$ cat target16.txt   # compact mmCIF, C-alpha atoms
# COMPACT_ATOMS: atom_id res chain seq x y z
CA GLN S 326 24.79 -86.55 30.55
CA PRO S 327 22.20 -88.02 28.13
CA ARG S 328 24.71 -89.87 25.92
CA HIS S 329 21.85 -91.19 23.79
CA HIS S 330 24.26 -91.69 20.87
CA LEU N 302 18.29 -68.35 26.51
CA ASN N 303 19.53 -71.38 28.43
CA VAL N 304 16.34 -73.27 27.55
CA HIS N 305 16.46 -72.21 23.89
CA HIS N 306 19.88 -73.78 23.29
CA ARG N 307 19.25 -77.26 24.73
CA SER N 308 19.56 -80.34 22.53
CA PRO N 309 19.23 -84.13 22.90
CA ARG N 310 23.01 -84.46 23.19
CA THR N 311 23.12 -82.33 26.37
CA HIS N 312 19.63 -82.31 27.91
CA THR N 313 16.55 -84.53 28.17
CA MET N 314 13.04 -83.07 28.00
CA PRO N 315 10.70 -84.39 30.72
CA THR N 316 7.32 -85.60 29.55
CA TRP N 317 5.52 -83.06 31.74
CA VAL N 318 7.41 -80.14 30.17
CA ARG N 319 6.42 -81.44 26.76
CA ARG N 320 2.79 -81.80 27.85
CA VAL N 321 2.43 -78.41 29.55
CA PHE N 322 4.45 -76.17 27.25
CA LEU N 323 3.39 -77.82 23.98
CA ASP N 324 -0.35 -78.30 24.64
CA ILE N 325 -1.79 -76.39 27.59
CA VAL N 326 -0.03 -73.03 27.86
CA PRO N 327 0.23 -72.42 24.08
CA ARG N 328 -3.52 -72.99 23.75
CA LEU N 329 -4.21 -70.72 26.74
CA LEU N 330 -2.10 -67.89 25.27
CA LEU N 331 -3.84 -68.04 21.85
CA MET N 332 -0.71 -69.27 20.05
CA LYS N 333 -1.05 -72.50 18.07
CA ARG N 334 1.70 -74.60 16.54
CA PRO N 335 1.70 -75.33 12.77
$ encode --input "target16.txt" --output "structure tokens"
Amino acid sequence: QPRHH
Amino acid sequence: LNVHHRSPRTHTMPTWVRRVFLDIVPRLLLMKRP
């Protein structure tokens, strides 16, 4: 998962 | 369709995809971005 935020 | 619906929250775009499909292929197919 990116989960950048 | 799977590619069209990707977003930063779910997917990350590799730098090589950006390079190829935003510079090289579009120019080779005679389609140019705004």
$ residues_around --input "target16.txt" --residues "residue 330 in chain S" --least-positions-apart "5" --cutoff "12 Å" --atoms "only C-alpha atoms" --output "NGL selection string"
:N and (309-311)
$ atom_distance --input "target16.txt" --atom1 "CA of residue 335 in chain N" --atom2 "CA of residue 316 in chain N"
20.5 Å
$ atom_distance --input "target16.txt" --atom1 "CA of residue 333 in chain N" --atom2 "CA of residue 327 in chain S"
29.7 Å
$ closest_residue --input "target16.txt" --among "N:324, N:306, N:318, N:313" --to "residue 326 in chain S" --atoms "only C-alpha atoms"
N:313
$ atom_distance --input "target16.txt" --atom1 "CA of residue 331 in chain N" --atom2 "CA of residue 317 in chain N"
20.3 Å
$ residues_around --input "target16.txt" --residues "residue 334 in chain N" --least-positions-apart "5" --cutoff "12 Å" --atoms "all atoms listed in the file" --output "VMD selection string"
chain N and resid 322 to 328
$ decode --input "target16.txt" --residues "chain N" --atoms "C-alpha atoms" --output "PDB file, in the first residue's frame"
ATOM      1  CA  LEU N 302      -9.448  -0.082 -17.344  1.00  0.00           C
ATOM      2  CA  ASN N 303      -7.374  -1.219 -14.374  1.00  0.00           C
ATOM      3  CA  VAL N 304      -4.656   1.288 -15.287  1.00  0.00           C
ATOM      4  CA  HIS N 305      -7.138   4.121 -15.871  1.00  0.00           C
ATOM      5  CA  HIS N 306      -8.519   3.962 -12.318  1.00  0.00           C
ATOM      6  CA  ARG N 307      -5.250   4.042 -10.346  1.00  0.00           C
ATOM      7  CA  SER N 308      -4.549   6.868  -7.902  1.00  0.00           C
ATOM      8  CA  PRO N 309      -1.776   7.883  -5.478  1.00  0.00           C
ATOM      9  CA  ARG N 310      -3.744   6.416  -2.573  1.00  0.00           C
ATOM     10  CA  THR N 311      -3.634   2.889  -4.063  1.00  0.00           C
ATOM     11  CA  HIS N 312      -0.780   2.757  -6.593  1.00  0.00           C
ATOM     12  CA  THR N 313       2.622   4.317  -7.220  1.00  0.00           C
ATOM     13  CA  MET N 314       3.771   5.229 -10.732  1.00  0.00           C
ATOM     14  CA  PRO N 315       7.329   4.075 -11.527  1.00  0.00           C
ATOM     15  CA  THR N 316       9.607   6.683 -13.047  1.00  0.00           C
ATOM     16  CA  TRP N 317      10.144   4.567 -16.163  1.00  0.00           C
ATOM     17  CA  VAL N 318       6.400   4.339 -16.841  1.00  0.00           C
ATOM     18  CA  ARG N 319       6.204   8.108 -16.552  1.00  0.00           C
ATOM     19  CA  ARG N 320       9.166   8.530 -18.898  1.00  0.00           C
ATOM     20  CA  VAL N 321       8.055   6.064 -21.581  1.00  0.00           C
ATOM     21  CA  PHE N 322       4.308   6.647 -21.673  1.00  0.00           C
ATOM     22  CA  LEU N 323       4.442  10.432 -21.191  1.00  0.00           C
ATOM     23  CA  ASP N 324       7.346  11.315 -23.523  1.00  0.00           C
ATOM     24  CA  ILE N 325       8.428   8.605 -25.951  1.00  0.00           C
ATOM     25  CA  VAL N 326       5.359   6.658 -27.078  1.00  0.00           C
ATOM     26  CA  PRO N 327       3.017   9.697 -27.240  1.00  0.00           C
ATOM     27  CA  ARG N 328       5.514  11.480 -29.494  1.00  0.00           C
ATOM     28  CA  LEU N 329       5.925   8.363 -31.643  1.00  0.00           C
ATOM     29  CA  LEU N 330       2.146   7.996 -32.110  1.00  0.00           C
ATOM     30  CA  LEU N 331       1.677  11.656 -33.158  1.00  0.00           C
ATOM     31  CA  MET N 332      -0.319  12.541 -30.028  1.00  0.00           C
ATOM     32  CA  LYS N 333       0.989  15.453 -27.956  1.00  0.00           C
ATOM     33  CA  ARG N 334      -0.101  16.522 -24.492  1.00  0.00           C
ATOM     34  CA  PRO N 335      -1.436  20.069 -23.888  1.00  0.00           C
TER      35      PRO N 335
END
